[PDB]
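Listed next as structure tokens: two forms of one protein chain, kept apart as structure 1 and structure 2.
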Structure 1
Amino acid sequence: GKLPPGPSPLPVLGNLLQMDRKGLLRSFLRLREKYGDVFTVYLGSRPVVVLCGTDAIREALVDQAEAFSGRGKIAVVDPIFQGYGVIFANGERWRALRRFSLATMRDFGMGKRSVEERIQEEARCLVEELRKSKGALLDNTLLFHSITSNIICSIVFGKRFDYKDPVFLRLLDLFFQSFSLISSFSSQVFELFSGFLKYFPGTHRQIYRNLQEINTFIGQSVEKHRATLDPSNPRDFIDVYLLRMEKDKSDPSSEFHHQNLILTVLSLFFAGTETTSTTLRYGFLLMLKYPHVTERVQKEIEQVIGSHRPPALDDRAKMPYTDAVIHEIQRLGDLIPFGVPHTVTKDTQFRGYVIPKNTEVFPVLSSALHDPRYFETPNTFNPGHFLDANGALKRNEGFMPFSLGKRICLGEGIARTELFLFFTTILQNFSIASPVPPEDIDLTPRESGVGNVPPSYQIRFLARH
């Protein structure tokens, strides 16, 4: 049936000569200009199909959902996962882990705190910590990585860490350094010649080393959980997984074993810590660049929530402006630019082309979030993209920051609740400022690869009264 159009490759080097030195995303966007919304490019010797624009992505991930439900690989972390854990698994193993992960977080019995309550509690701890800074200028990177890591810790380990805990800070350091390395230029070259470059020194080794040190901490927590498990009262995600292992003792095809336990927990930290945190850091940078918008969010908080009680998730339905602002922070932040690689699960017929089973497919989410066919002046921040004439929230088919289809972000619910409660609880309690004039605020990513990493910046949180 034939593959989608694309630059003729050279053996070994593939399409290296037709790439853009800026990175994989620019390379993909440049090729889209020449070959259309659906093309083939060779990363090293591997052929991959690229889908660009809202329409093409929706046709694949939604209209042929099952076919495009396969998961590809990211070379610098594949040595860690190797097909285990809920993110990088395929087939029955993925189906089983996803179903269990959704159900285990979608509800944690009674007597325990809901996910919304754990986030409100973390937002309260955050407010207390920021009050201690007395409004001094700071870089919010560490605290924003802390609050989102703490939500996953609460869910998986059954508790949060104090912001000044040495264990926590070390773990935080390992993770953050890894995300920066993972979307660095080197990791993107590694994506092309891993088969060859895997044999040499480099950042891919430091990434591996850091993630294994985190897996070691995960393993020791699993042992502590095992040693104190009370079947009558599971405490968190690990206890629930351990109880399922007991339930499946006689099932030789169960996927609930050790490797999927450690790597599913790593998956939830990997995914649950990084993107929500960078979205929040990018959102506050935009709020410094658009003080008028920040002021309107604070006015809506005052009208709907007031200044005494904490924001609750059900306030969001009565706060369309703030909700539109968060949508727009996600849309312009474009935190996972070329998506997380998929693969087709069978030879697939797509737009008159044939995509062979297991071929890697990149749904370039950035090209939908910035799709001119759906968003006027896509490169400019405007909450109005999500608001109708009456100020009510409006949907846009191009808005797919969590992707779409069978692989749609498993943590979407948790992430949206974290964005709404952290953004509103911070702005209800603090006004923000920085020495940089709004006009001079640069939104350009410090690094752009599988993740977009926002630039560092200074900000102050002044307690309100």
Structure 2
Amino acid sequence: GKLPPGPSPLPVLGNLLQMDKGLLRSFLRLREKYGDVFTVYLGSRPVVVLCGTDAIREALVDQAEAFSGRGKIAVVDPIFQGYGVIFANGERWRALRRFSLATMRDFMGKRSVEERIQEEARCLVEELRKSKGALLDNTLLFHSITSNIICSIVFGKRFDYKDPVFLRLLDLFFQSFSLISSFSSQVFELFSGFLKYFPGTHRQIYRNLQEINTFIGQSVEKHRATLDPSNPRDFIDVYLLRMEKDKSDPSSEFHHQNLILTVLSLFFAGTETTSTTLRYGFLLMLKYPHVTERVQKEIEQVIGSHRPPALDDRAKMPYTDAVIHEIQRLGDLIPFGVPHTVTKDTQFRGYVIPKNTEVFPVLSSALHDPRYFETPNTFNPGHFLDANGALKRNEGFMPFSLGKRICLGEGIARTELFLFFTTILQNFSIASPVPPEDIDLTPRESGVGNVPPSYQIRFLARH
């Protein structure tokens, strides 16, 4: 009728009995029948699925405001309750977002995000030197360094990598991601009005997250008791000042609740995905030693062996830059996008999408678009190099998404990827027990997060 066309749904279950192995391949078969915009019933509610670069741009870019709503994730909603950037809607979201930009684009205290990442990179190198070339799983370290960048921005400090209190909270935090992406939580996302009365992963997510909130909560009180309003140290200080100022407005959103959850929001948006992109990139660098060998020769040409890599070096390193883009593209770590909603009844391609309908923008269908990518299932830095060896970007490259919800941390993310990759490869070459030809790139869990398989790697200190 009005909604976009899609397969006919059963009553309670919607189109689930007809869905899968992987949702991505179902969406992909459904696109083959119904085209680039279609309706699927994942449970009783309808979801509009945007496939292809085009549909996604028309929605999120041309009718941006309409498509700037955030879809609820019920597994973590009883913790978040729509606080924090990545979870907020309407005026709360606008204000939280403008404030974060007005804030994190101002690094109150004196040291920049870039300098902090360079410092984390130095600490990483020294720590990896201690391994002496022994086989390791880099999961823990890569979680630790990206957490550390958020800790630095929000709490004004980093943690040592063997800090066992930090590691205990870190284990809890990232276990909450393994759990949110489990079947038991998928089923929960569909039947939460019922299963919330039973035992399950949701009770474990809740407890793990509330335990982290407790420590965030204690850090806020410590910041307040130690505050110098003339020299804010970090995000929390700046936010505490803004609470006072707006103290006389009860339409103001700048309260204690919003602060704990926004902080936990930033860890949640800012760590796992970046960490996993790093872990994926090093899997590709083992798989293709010639690429890693060329990135090293670019590092030596432009940077040298001595001084630390800096962000201005990127513009002079189009090859390494193209390798990073291509790790993000092939890596495809958020394949279905993060769910949106429409904020009003919305006309779109002759269809009507009623307010608050959920919408999935399937970024994967853009990252693999054969219009923009000659060989989409194969690792190829060439995708982002022109005939003169300079970097090119095209409209298929939308790993951070688009429009009003575009990744708030994009520039930080790319700085992390750039400085972590080059400062590591400047100092270490790499070797694994599995030869390149036997290395498998196929995601071990292809859900909302597309996880690379576990592997072991050596970091061999250079010259």
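Heads up, when I say rigid core I mean the largest set of C-alphas that superpose within 1.5 Å between the two forms. Just so we're on the same page, residue numbers count up from 1 along structure 1's sequence.
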(message) Shifts of 2 Å or more at the CA atom, core superposed, between structures 1 and 2: which of the listed residues 384, 91, 306, 195 is the one?
(response) 195
(request) For residue 54, state whether the C-alpha moves by 2 Å or more between structures 1 and 2 after rigid core superposition. (result) no
(message) Once the core is aligned, does residue 424 move its Cα by at least 2 Å between structures 1 and 2?
(response) no
(request) Enter the rigid core superposed C-alpha shift of residue 236 between structures 1 and 2, rounded to one decimal in Å. (result) 0.5
(request) Using the rigid core as the frame, report the C-alpha movement of residue 167 between structures 1 and 2, one decimal, in Å. (result) 1.3
(message) Core-aligned, what does the C-alpha of residue 204 shift between structures 1 and 2, expressed in angstrom?
(response) 2.1
